[PDB]
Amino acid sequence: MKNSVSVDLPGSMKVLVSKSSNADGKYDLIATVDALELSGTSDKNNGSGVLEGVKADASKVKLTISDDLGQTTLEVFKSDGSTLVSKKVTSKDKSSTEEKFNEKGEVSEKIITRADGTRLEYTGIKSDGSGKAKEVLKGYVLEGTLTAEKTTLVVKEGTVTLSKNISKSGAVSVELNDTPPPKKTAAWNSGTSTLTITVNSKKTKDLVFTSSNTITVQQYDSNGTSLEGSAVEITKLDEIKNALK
């Protein structure tokens, strides 16, 4: 710090590495990270090495810098120092991986940043690999979910589901499902001159064709077993068409 050299780092950080060595050959590293003074003695005079620090709430902070000034590995622990909370790995080339762990020392969440600026954001992860997913792309977002084998991001339009699957090892594969909406059916009763229309095991309408040469609609209650209202006579084509929706 005193008369030393400023080194820029992956992820908008600096370190100050001492101009000269110490008693045991080391170089002094000081970095203000987040807002803590972090400190450490390193074999090398470039910026590489570990820096440690303690938050005012007694959480332990450990910043590792990779030998080639490539990779800053920012770990946060619980007060004991044994129990990992969070971990931001940044890479040389602008890409980062913000993790989070749970009570058990198991990964809860994961924000992946990509070199371009696009993101994979996993949350609510569970013991059996599964959880939410978001993909931040340039201009728009693909939501989805996670499993042990794969991420699946989905986009829907009416009867079409587009499904972008990203495998564990990076492999994209895409698929499409068009599935028709539930269709009307009907049954004719010759006895009563009544068409009863069934949608998805729910009766919906009675269309009745009278000896008086006219047509009457009545609606099934949303139970789909008893009629409701009273019988509405038809007065032009349009109404018959309406009943068929």
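In case it trips you up, residue 1 is the first one in the sequence shown, and so on.
Of the two stretches examined, 144-152 and 88-96, the record assigns the greater average C-alpha temperature factor to 88-96.
Per the PDB entry, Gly117 shows the highest C-alpha temperature factor of the residues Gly158, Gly124, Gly117, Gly81.
Among all modelled residues in this chain, the alpha-carbon of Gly49 has a temperature factor (C-alpha) in the middle third. In this PDB entry, the Cα temperature factor of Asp178 sits in the top third of its chain's modelled residues, the highest group. In the PDB entry, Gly170 places in the middle third of its chain by CA B-factor. The PDB entry assigns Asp34 a C-alpha temperature factor belonging to the highest third of its chain's modelled residues. In the deposited entry, the Cα temperature factor of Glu109 places it in the middle third of its chain's modelled residues.
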